[PDB]
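Heads up, final.cif below (mmCIF, C-alpha atoms and all ligand atoms; chains and numbers go by the auth columns):
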data_data
loop_
_atom_site.group_PDB
_atom_site.id
_atom_site.type_symbol
_atom_site.label_atom_id
_atom_site.label_comp_id
_atom_site.label_asym_id
_atom_site.label_seq_id
_atom_site.Cartn_x
_atom_site.Cartn_y
_atom_site.Cartn_z
_atom_site.B_iso_or_equiv
_atom_site.auth_seq_id
_atom_site.auth_asym_id
ATOM 1 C CA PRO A 1 -2.303 18.016 5.231 0.00 1 A
ATOM 2 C CA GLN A 2 0.192 17.232 2.474 0.00 2 A
ATOM 3 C CA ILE A 3 2.275 14.142 3.298 0.00 3 A
ATOM 4 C CA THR A 4 5.512 13.348 1.456 0.00 4 A
ATOM 5 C CA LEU A 5 6.833 9.813 1.167 0.00 5 A
ATOM 6 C CA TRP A 6 10.515 9.836 2.110 0.00 6 A
ATOM 7 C CA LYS A 7 9.241 8.239 5.367 0.00 7 A
ATOM 8 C CA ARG A 8 6.367 5.825 5.939 0.00 8 A
ATOM 9 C CA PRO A 9 3.082 7.783 6.021 0.00 9 A
ATOM 10 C CA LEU A 10 2.247 6.764 9.581 0.00 10 A
ATOM 11 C CA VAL A 11 -0.420 8.779 11.374 0.00 11 A
ATOM 12 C CA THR A 12 -2.251 8.715 14.678 0.00 12 A
ATOM 13 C CA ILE A 13 -5.760 7.313 14.552 0.00 13 A
ATOM 14 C CA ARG A 14 -8.419 7.271 17.247 0.00 14 A
ATOM 15 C CA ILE A 15 -10.695 4.235 17.471 0.00 15 A
ATOM 16 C CA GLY A 16 -12.772 3.461 20.573 0.00 16 A
ATOM 17 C CA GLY A 17 -10.937 6.037 22.701 0.00 17 A
ATOM 18 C CA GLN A 18 -7.619 4.400 21.863 0.00 18 A
ATOM 19 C CA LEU A 19 -4.767 6.085 20.006 0.00 19 A
ATOM 20 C CA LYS A 20 -2.858 3.931 17.536 0.00 20 A
ATOM 21 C CA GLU A 21 -0.368 4.512 14.714 0.00 21 A
ATOM 22 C CA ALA A 22 -1.513 3.364 11.287 0.00 22 A
ATOM 23 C CA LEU A 23 -0.097 3.401 7.789 0.00 23 A
ATOM 24 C CA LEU A 24 -1.864 5.319 5.005 0.00 24 A
ATOM 25 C CA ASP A 25 -1.823 2.609 2.357 0.00 25 A
ATOM 26 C CA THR A 26 -3.103 3.419 -1.115 0.00 26 A
ATOM 27 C CA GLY A 27 -2.277 -0.141 -2.246 0.00 27 A
ATOM 28 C CA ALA A 28 -4.741 -1.536 0.297 0.00 28 A
ATOM 29 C CA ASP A 29 -8.383 -1.943 -0.728 0.00 29 A
ATOM 30 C CA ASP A 30 -9.450 -2.334 2.902 0.00 30 A
ATOM 31 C CA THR A 31 -8.514 -1.202 6.396 0.00 31 A
ATOM 32 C CA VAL A 32 -6.967 -3.806 8.679 0.00 32 A
ATOM 33 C CA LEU A 33 -5.799 -3.335 12.248 0.00 33 A
ATOM 34 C CA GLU A 34 -3.710 -5.577 14.467 0.00 34 A
ATOM 35 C CA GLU A 35 -5.515 -7.720 17.011 0.00 35 A
ATOM 36 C CA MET A 36 -7.692 -5.655 19.330 0.00 36 A
ATOM 37 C CA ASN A 37 -11.138 -5.701 20.859 0.00 37 A
ATOM 38 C CA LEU A 38 -13.969 -3.819 19.139 0.00 38 A
ATOM 39 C CA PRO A 39 -17.578 -3.798 20.271 0.00 39 A
ATOM 40 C CA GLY A 40 -20.462 -5.296 18.299 0.00 40 A
ATOM 41 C CA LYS A 41 -21.004 -8.166 15.889 0.00 41 A
ATOM 42 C CA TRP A 42 -18.335 -9.246 13.436 0.00 42 A
ATOM 43 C CA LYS A 43 -18.200 -11.580 10.445 0.00 43 A
ATOM 44 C CA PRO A 44 -15.271 -13.875 9.629 0.00 44 A
ATOM 45 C CA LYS A 45 -13.570 -12.838 6.374 0.00 45 A
ATOM 46 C CA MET A 46 -10.412 -13.694 4.434 0.00 46 A
ATOM 47 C CA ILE A 47 -8.155 -11.104 2.759 0.00 47 A
ATOM 48 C CA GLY A 48 -5.020 -11.542 0.682 0.00 48 A
ATOM 49 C CA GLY A 49 -1.843 -9.711 -0.063 0.00 49 A
ATOM 50 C CA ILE A 50 1.644 -10.335 -1.214 0.00 50 A
ATOM 51 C CA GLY A 51 2.293 -13.368 0.993 0.00 51 A
ATOM 52 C CA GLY A 52 -1.117 -15.082 0.627 0.00 52 A
ATOM 53 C CA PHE A 53 -4.327 -14.991 2.667 0.00 53 A
ATOM 54 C CA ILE A 54 -5.192 -14.401 6.312 0.00 54 A
ATOM 55 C CA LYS A 55 -8.340 -14.720 8.399 0.00 55 A
ATOM 56 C CA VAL A 56 -9.755 -11.516 9.860 0.00 56 A
ATOM 57 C CA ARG A 57 -12.797 -10.290 11.765 0.00 57 A
ATOM 58 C CA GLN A 58 -14.923 -7.769 9.826 0.00 58 A
ATOM 59 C CA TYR A 59 -16.544 -4.968 11.813 0.00 59 A
ATOM 60 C CA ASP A 60 -18.919 -2.712 9.878 0.00 60 A
ATOM 61 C CA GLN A 61 -19.777 0.952 10.431 0.00 61 A
ATOM 62 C CA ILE A 62 -16.987 1.701 12.923 0.00 62 A
ATOM 63 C CA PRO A 63 -15.954 5.317 13.638 0.00 63 A
ATOM 64 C CA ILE A 64 -12.241 6.134 13.221 0.00 64 A
ATOM 65 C CA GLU A 65 -10.680 9.569 13.359 0.00 65 A
ATOM 66 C CA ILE A 66 -7.639 9.653 11.112 0.00 66 A
ATOM 67 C CA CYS A 67 -5.271 12.562 11.622 0.00 67 A
ATOM 68 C CA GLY A 68 -8.310 14.586 12.811 0.00 68 A
ATOM 69 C CA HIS A 69 -10.647 13.584 9.961 0.00 69 A
ATOM 70 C CA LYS A 70 -13.770 11.517 10.647 0.00 70 A
ATOM 71 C CA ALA A 71 -14.575 8.256 8.878 0.00 71 A
ATOM 72 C CA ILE A 72 -17.159 5.576 9.628 0.00 72 A
ATOM 73 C CA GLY A 73 -16.738 2.314 7.823 0.00 73 A
ATOM 74 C CA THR A 74 -15.551 -1.241 7.669 0.00 74 A
ATOM 75 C CA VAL A 75 -12.559 -2.168 9.843 0.00 75 A
ATOM 76 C CA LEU A 76 -10.930 -5.574 9.615 0.00 76 A
ATOM 77 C CA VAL A 77 -9.016 -6.984 12.572 0.00 77 A
ATOM 78 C CA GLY A 78 -6.362 -9.682 12.310 0.00 78 A
ATOM 79 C CA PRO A 79 -2.709 -10.659 11.893 0.00 79 A
ATOM 80 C CA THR A 80 -1.640 -7.827 9.643 0.00 80 A
ATOM 81 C CA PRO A 81 2.081 -6.870 9.866 0.00 81 A
ATOM 82 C CA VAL A 82 1.061 -3.273 10.665 0.00 82 A
ATOM 83 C CA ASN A 83 -2.104 -1.213 11.187 0.00 83 A
ATOM 84 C CA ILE A 84 -3.274 -0.207 7.680 0.00 84 A
ATOM 85 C CA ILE A 85 -5.702 2.498 6.561 0.00 85 A
ATOM 86 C CA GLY A 86 -6.982 1.406 3.145 0.00 86 A
ATOM 87 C CA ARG A 87 -8.896 3.017 0.352 0.00 87 A
ATOM 88 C CA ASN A 88 -12.318 2.416 1.927 0.00 88 A
ATOM 89 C CA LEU A 89 -11.470 5.020 4.579 0.00 89 A
ATOM 90 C CA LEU A 90 -8.934 7.110 2.633 0.00 90 A
ATOM 91 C CA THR A 91 -11.780 8.080 0.301 0.00 91 A
ATOM 92 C CA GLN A 92 -13.925 9.105 3.260 0.00 92 A
ATOM 93 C CA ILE A 93 -11.297 11.588 4.505 0.00 93 A
ATOM 94 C CA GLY A 94 -10.800 13.022 0.988 0.00 94 A
ATOM 95 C CA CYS A 95 -7.320 11.611 0.472 0.00 95 A
ATOM 96 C CA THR A 96 -5.828 11.757 -3.039 0.00 96 A
ATOM 97 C CA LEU A 97 -2.434 11.089 -4.588 0.00 97 A
ATOM 98 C CA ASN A 98 -0.810 14.054 -6.272 0.00 98 A
ATOM 99 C CA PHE A 99 2.330 14.523 -8.385 0.00 99 A
ATOM 100 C CA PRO B 1 -2.137 14.663 -11.872 0.00 1 B
ATOM 101 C CA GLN B 2 -4.508 14.060 -8.960 0.00 2 B
ATOM 102 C CA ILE B 3 -5.562 10.441 -8.448 0.00 3 B
ATOM 103 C CA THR B 4 -8.611 9.704 -6.271 0.00 4 B
ATOM 104 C CA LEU B 5 -8.896 6.413 -4.450 0.00 5 B
ATOM 105 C CA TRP B 6 -12.370 5.195 -5.366 0.00 6 B
ATOM 106 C CA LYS B 7 -10.602 2.538 -7.406 0.00 7 B
ATOM 107 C CA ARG B 8 -7.099 1.055 -7.239 0.00 8 B
ATOM 108 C CA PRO B 9 -4.555 3.741 -8.265 0.00 9 B
ATOM 109 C CA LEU B 10 -3.205 1.870 -11.279 0.00 10 B
ATOM 110 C CA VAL B 11 -1.034 3.748 -13.762 0.00 11 B
ATOM 111 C CA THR B 12 1.110 2.830 -16.741 0.00 12 B
ATOM 112 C CA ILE B 13 4.837 2.368 -16.195 0.00 13 B
ATOM 113 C CA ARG B 14 7.569 1.466 -18.637 0.00 14 B
ATOM 114 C CA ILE B 15 10.511 -0.758 -17.887 0.00 15 B
ATOM 115 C CA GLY B 16 12.308 -1.518 -21.153 0.00 16 B
ATOM 116 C CA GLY B 17 10.046 -2.977 -23.833 0.00 17 B
ATOM 117 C CA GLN B 18 7.326 -3.790 -21.355 0.00 18 B
ATOM 118 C CA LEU B 19 4.806 -1.069 -20.611 0.00 19 B
ATOM 119 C CA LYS B 20 3.001 -2.332 -17.501 0.00 20 B
ATOM 120 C CA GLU B 21 0.163 -1.370 -15.146 0.00 21 B
ATOM 121 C CA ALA B 22 1.254 -0.762 -11.555 0.00 22 B
ATOM 122 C CA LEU B 23 -0.236 0.357 -8.261 0.00 23 B
ATOM 123 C CA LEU B 24 0.908 3.675 -6.783 0.00 24 B
ATOM 124 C CA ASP B 25 1.366 2.306 -3.300 0.00 25 B
ATOM 125 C CA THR B 26 2.135 4.498 -0.338 0.00 26 B
ATOM 126 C CA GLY B 27 2.187 1.406 1.941 0.00 27 B
ATOM 127 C CA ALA B 28 5.070 -0.156 -0.021 0.00 28 B
ATOM 128 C CA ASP B 29 8.606 0.758 1.063 0.00 29 B
ATOM 129 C CA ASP B 30 10.070 -0.783 -2.081 0.00 30 B
ATOM 130 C CA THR B 31 8.971 -1.283 -5.695 0.00 31 B
ATOM 131 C CA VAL B 32 7.924 -4.881 -6.460 0.00 32 B
ATOM 132 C CA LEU B 33 7.320 -6.025 -10.005 0.00 33 B
ATOM 133 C CA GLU B 34 5.768 -9.210 -11.289 0.00 34 B
ATOM 134 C CA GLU B 35 8.181 -11.838 -12.568 0.00 35 B
ATOM 135 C CA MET B 36 10.232 -10.582 -15.527 0.00 36 B
ATOM 136 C CA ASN B 37 13.649 -11.592 -16.813 0.00 37 B
ATOM 137 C CA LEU B 38 15.606 -8.350 -16.331 0.00 38 B
ATOM 138 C CA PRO B 39 19.261 -8.169 -17.298 0.00 39 B
ATOM 139 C CA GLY B 40 22.080 -7.556 -14.827 0.00 40 B
ATOM 140 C CA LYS B 41 23.283 -8.462 -11.368 0.00 41 B
ATOM 141 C CA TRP B 42 20.787 -8.986 -8.564 0.00 42 B
ATOM 142 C CA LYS B 43 20.692 -9.952 -4.889 0.00 43 B
ATOM 143 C CA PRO B 44 18.172 -12.233 -3.170 0.00 44 B
ATOM 144 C CA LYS B 45 15.757 -10.659 -0.718 0.00 45 B
ATOM 145 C CA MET B 46 12.675 -11.590 1.314 0.00 46 B
ATOM 146 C CA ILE B 47 9.834 -9.088 1.752 0.00 47 B
ATOM 147 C CA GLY B 48 6.866 -9.387 4.044 0.00 48 B
ATOM 148 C CA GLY B 49 3.246 -8.469 3.716 0.00 49 B
ATOM 149 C CA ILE B 50 -0.248 -9.724 4.426 0.00 50 B
ATOM 150 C CA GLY B 51 0.030 -13.494 4.581 0.00 51 B
ATOM 151 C CA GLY B 52 3.797 -13.696 5.044 0.00 52 B
ATOM 152 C CA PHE B 53 6.953 -13.400 2.985 0.00 53 B
ATOM 153 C CA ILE B 54 7.952 -13.905 -0.629 0.00 54 B
ATOM 154 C CA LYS B 55 11.355 -14.298 -2.205 0.00 55 B
ATOM 155 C CA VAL B 56 12.369 -11.553 -4.684 0.00 56 B
ATOM 156 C CA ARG B 57 15.386 -10.524 -6.773 0.00 57 B
ATOM 157 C CA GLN B 58 16.758 -7.055 -6.037 0.00 58 B
ATOM 158 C CA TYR B 59 17.952 -5.143 -9.096 0.00 59 B
ATOM 159 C CA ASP B 60 19.560 -1.720 -8.619 0.00 60 B
ATOM 160 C CA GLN B 61 19.579 1.431 -10.759 0.00 61 B
ATOM 161 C CA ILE B 62 16.796 0.297 -13.094 0.00 62 B
ATOM 162 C CA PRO B 63 15.181 3.125 -15.119 0.00 63 B
ATOM 163 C CA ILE B 64 11.363 3.178 -14.829 0.00 64 B
ATOM 164 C CA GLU B 65 8.995 5.735 -16.382 0.00 65 B
ATOM 165 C CA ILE B 66 5.797 6.347 -14.397 0.00 66 B
ATOM 166 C CA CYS B 67 3.170 8.362 -16.309 0.00 67 B
ATOM 167 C CA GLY B 68 5.907 10.187 -18.235 0.00 68 B
ATOM 168 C CA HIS B 69 7.914 10.911 -15.074 0.00 69 B
ATOM 169 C CA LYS B 70 11.408 9.435 -15.149 0.00 70 B
ATOM 170 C CA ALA B 71 12.675 7.461 -12.200 0.00 71 B
ATOM 171 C CA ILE B 72 15.668 5.271 -11.506 0.00 72 B
ATOM 172 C CA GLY B 73 16.253 3.007 -8.569 0.00 73 B
ATOM 173 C CA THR B 74 15.901 -0.369 -6.966 0.00 74 B
ATOM 174 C CA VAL B 75 13.276 -2.788 -8.295 0.00 75 B
ATOM 175 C CA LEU B 76 12.387 -6.090 -6.616 0.00 76 B
ATOM 176 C CA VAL B 77 11.173 -8.864 -8.941 0.00 77 B
ATOM 177 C CA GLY B 78 9.202 -11.858 -7.792 0.00 78 B
ATOM 178 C CA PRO B 79 5.881 -13.624 -7.531 0.00 79 B
ATOM 179 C CA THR B 80 3.716 -10.659 -6.606 0.00 80 B
ATOM 180 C CA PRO B 81 0.168 -10.666 -7.994 0.00 81 B
ATOM 181 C CA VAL B 82 0.340 -6.950 -8.855 0.00 82 B
ATOM 182 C CA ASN B 83 3.072 -4.537 -9.938 0.00 83 B
ATOM 183 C CA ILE B 84 3.694 -2.201 -6.988 0.00 84 B
ATOM 184 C CA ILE B 85 5.366 1.219 -7.208 0.00 85 B
ATOM 185 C CA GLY B 86 6.734 1.887 -3.743 0.00 86 B
ATOM 186 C CA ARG B 87 7.994 4.949 -1.908 0.00 87 B
ATOM 187 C CA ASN B 88 11.513 4.689 -3.301 0.00 88 B
ATOM 188 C CA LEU B 89 10.161 5.764 -6.732 0.00 89 B
ATOM 189 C CA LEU B 90 7.052 7.700 -5.592 0.00 90 B
ATOM 190 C CA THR B 91 9.363 10.284 -3.970 0.00 91 B
ATOM 191 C CA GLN B 92 11.310 10.626 -7.231 0.00 92 B
ATOM 192 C CA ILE B 93 8.179 11.543 -9.245 0.00 93 B
ATOM 193 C CA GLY B 94 7.077 14.042 -6.578 0.00 94 B
ATOM 194 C CA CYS B 95 4.118 12.066 -5.300 0.00 95 B
ATOM 195 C CA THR B 96 2.314 13.126 -2.102 0.00 96 B
ATOM 196 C CA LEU B 97 -0.813 12.224 -0.169 0.00 97 B
ATOM 197 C CA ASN B 98 -3.211 15.096 0.356 0.00 98 B
ATOM 198 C CA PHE B 99 -6.353 15.546 2.436 0.00 99 B
HETATM 199 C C1 LIG C . 3.346 -4.141 5.403 0.00 101 C
HETATM 200 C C2 LIG C . 2.433 -3.103 4.783 0.00 101 C
HETATM 201 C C3 LIG C . 1.720 -3.659 3.526 0.00 101 C
HETATM 202 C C4 LIG C . 0.845 -4.901 3.727 0.00 101 C
HETATM 203 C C5 LIG C . 2.798 -3.932 2.478 0.00 101 C
HETATM 204 N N1 LIG C . 2.252 -4.315 1.147 0.00 101 C
HETATM 205 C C6 LIG C . 1.784 -3.146 0.367 0.00 101 C
HETATM 206 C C7 LIG C . 0.248 -3.152 0.347 0.00 101 C
HETATM 207 O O1 LIG C . -0.209 -1.881 -0.165 0.00 101 C
HETATM 208 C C8 LIG C . -0.351 -4.302 -0.483 0.00 101 C
HETATM 209 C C9 LIG C . -0.178 -4.160 -2.006 0.00 101 C
HETATM 210 C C10 LIG C . -0.814 -5.367 -2.683 0.00 101 C
HETATM 211 C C11 LIG C . -2.047 -5.266 -3.310 0.00 101 C
HETATM 212 C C12 LIG C . -2.628 -6.388 -3.890 0.00 101 C
HETATM 213 C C13 LIG C . -1.962 -7.602 -3.856 0.00 101 C
HETATM 214 C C14 LIG C . -0.731 -7.711 -3.229 0.00 101 C
HETATM 215 C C15 LIG C . -0.159 -6.595 -2.648 0.00 101 C
HETATM 216 N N2 LIG C . -1.763 -4.455 -0.167 0.00 101 C
HETATM 217 C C16 LIG C . -2.329 -5.495 0.432 0.00 101 C
HETATM 218 O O2 LIG C . -1.731 -6.477 0.848 0.00 101 C
HETATM 219 C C17 LIG C . -3.819 -5.397 0.558 0.00 101 C
HETATM 220 C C18 LIG C . -4.230 -5.699 1.997 0.00 101 C
HETATM 221 C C19 LIG C . -5.644 -5.186 2.277 0.00 101 C
HETATM 222 C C20 LIG C . -6.510 -6.398 1.960 0.00 101 C
HETATM 223 C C21 LIG C . -5.885 -4.663 3.687 0.00 101 C
HETATM 224 N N3 LIG C . -4.467 -6.248 -0.417 0.00 101 C
HETATM 225 C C22 LIG C . -5.372 -5.819 -1.293 0.00 101 C
HETATM 226 C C23 LIG C . -5.959 -6.903 -2.152 0.00 101 C
HETATM 227 O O3 LIG C . -5.700 -4.637 -1.386 0.00 101 C
HETATM 228 S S1 LIG C . 3.196 -5.348 0.290 0.00 101 C
HETATM 229 O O4 LIG C . 2.645 -5.447 -1.022 0.00 101 C
HETATM 230 O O5 LIG C . 3.130 -6.556 1.071 0.00 101 C
HETATM 231 C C24 LIG C . 4.754 -4.831 0.269 0.00 101 C
HETATM 232 C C25 LIG C . 5.139 -3.997 -0.787 0.00 101 C
HETATM 233 C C26 LIG C . 6.427 -3.468 -0.845 0.00 101 C
HETATM 234 C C27 LIG C . 7.372 -3.771 0.127 0.00 101 C
HETATM 235 N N4 LIG C . 8.656 -3.339 0.251 0.00 101 C
HETATM 236 C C28 LIG C . 9.269 -3.858 1.335 0.00 101 C
HETATM 237 S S2 LIG C . 8.278 -4.893 2.318 0.00 101 C
HETATM 238 C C29 LIG C . 7.026 -4.602 1.188 0.00 101 C
HETATM 239 C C30 LIG C . 5.717 -5.131 1.253 0.00 101 C
#

Target format C-alpha cells, applied to this file:
Amino acid sequence: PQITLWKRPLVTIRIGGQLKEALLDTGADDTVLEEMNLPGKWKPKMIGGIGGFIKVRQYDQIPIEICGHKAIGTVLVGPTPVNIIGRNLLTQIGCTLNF
Amino acid sequence: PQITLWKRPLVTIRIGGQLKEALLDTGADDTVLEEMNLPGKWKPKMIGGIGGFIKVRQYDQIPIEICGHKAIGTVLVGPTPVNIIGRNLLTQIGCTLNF
C-alpha cells in the first residue's frame, strides 16, 4: 500500500498468533515491541533514543507479518512507549519513502 | 525521490544559514532539531521517546527546505542527538510510505 502521514502510520502486525498495532518508524534502526512473551533464547541488549537508553531483550529470527507482508528478523522487547517497526524489518517488506 | 531504508534516511535541510542533515522520520509526530539559537517567540514543551522525556523549545511558522521542497511549520529545538523531520513537515513535502 501507499501510506500518507497526516495520521500516525499504525498498522496491524501478527507475531506468534497475536495481533498488535505497531508504528512504521523510519527513524528507528531496530524493531522494538512492548513487554510480551516470545519463545526461544534472548540476549540482553541496550538501545537508545531521544530520552536516553533502555534495557531490552533481543530475539533473533522471529517471524512477523506486517500489514500482510512477511518478515523474519530481530525483534527487541522492552519498555518502549509504543510498538515500533524499524528499518531492519521495513527493508524486508520492501518499504521505501517517496515524495 | 525514492529513499530505501537500508541506511538511515538522512537528507539535507535548510533552516536559515544552517544547512543540516536530518532524518525523515515517520515515527516522529513533530520535527525536533538539535540545539540552535533561533530567533522569535517560543513555548516550552516536553516530548517523550525511548528512554523518557526531553525538554524542547517550540517555535512556530519556521520555514524549512527539505531536499528543495519548501515547508513551513512548528519546529521543536532541544537536546536531541539527531535532527528529526516529523510528520508535520513530511506531509507538506508530499512524503509517503510505500510497500
Ligand atoms: C514514540 C515513538 C518514537 C520512539 C519517537 N521517536 C522517533 C523515533 O523515530 C526515534 C528517532 C531517533 C533516532 C536516533 C536518536 C534519537 C531519536 N528513534 C529511536 O528512538 C530509535 C529507537 C530504536 C532503537 C528502536 N533509535 C535509533 C538509534 O534508531 S522520538 O525521536 O523520540 C520523537 C520524535 C518526535 C516527536 N514528536 C512528538 S513526541 C516525539 C518523539

Might you spell out which residues the PyMOL selection byres ((chain A) within 8 of (chain B)) would select in the displayed file, as JSON, numbers by chain? {"A": [1, 2, 3, 4, 5, 6, 8, 9, 23, 24, 25, 26, 27, 28, 29, 48, 49, 50, 51, 52, 53, 54, 79, 80, 81, 87, 88, 90, 91, 93, 94, 95, 96, 97, 98, 99]}

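What separates CA of residue 72 (chain B) from CA of residue 11 (chain A) is a distance of 28.2 Å.
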
Contacts of region 15-18 of chain A at 9 Å or less, counting all atoms listed in the file, minus same-chain residues fewer than 5 places along, as a list in words?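 Near region 15-18 of chain A, the qualifying residues are residues 38, 39, 62, 63, 64, 65 and 66 of chain A.
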
Separation of CA of residue 59 (chain A) and CA of residue 42 (chain A), in Å?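 Separating CA of residue 59 (chain A) from CA of residue 42 (chain A) is a distance of 4.9 Å.
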
Centre and size of axis-aligned box enclosing region 67-86 of chain A plus 6 Å each side, as JSON:
{"center_x": -7.5, "center_y": 2.0, "center_z": 8.0, "size_x": 31.2, "size_y": 37.2, "size_z": 21.7}

Give me, as a PDB file with C-alpha atoms, in the frame of the given file, all polymer residues having an atom no more than 6 Å from residue 78 (chain B), counting all atoms listed in the file and skipping those fewer than 3 positions away in the same chain.
ATOM      1  CA  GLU B  34       5.768  -9.210 -11.289  1.00  0.00           C
ATOM      2  CA  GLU B  35       8.181 -11.838 -12.568  1.00  0.00           C
ATOM      3  CA  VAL B  56      12.369 -11.553  -4.684  1.00  0.00           C
TER       4      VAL B  56
END

Tell me which of A:31, A:60, A:12, A:20 sits closest to ligand LIG 101 (chain C), counting all atoms listed in the file.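 Counting all atoms listed in the file, the residue closest to ligand LIG 101 (chain C) is A:31.
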
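Here CA of residue 13 (chain B) and CA of residue 43 (chain B) stand 23.0 Å from one another.
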
Which residue out of B:83, B:30, B:70, B:40 has the minimum interatomic distance to ligand LIG 101 (chain C) when all atoms listed in the file are used? B:30

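With all atoms listed in the file as the basis for measurement, A:33 is the residue among A:33, A:61, A:44, A:71 that approaches ligand LIG 101 (chain C) most closely.
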
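The smallest atom-to-atom distance between ligand LIG 101 (chain C) and any of B:36, B:67, B:19, B:46, using all atoms listed in the file, is found for B:46.
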
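Nearest to ligand LIG 101 (chain C) of all the residues B:74, B:14, B:37, B:68 is B:74, counting only C-alpha atoms and all ligand atoms.
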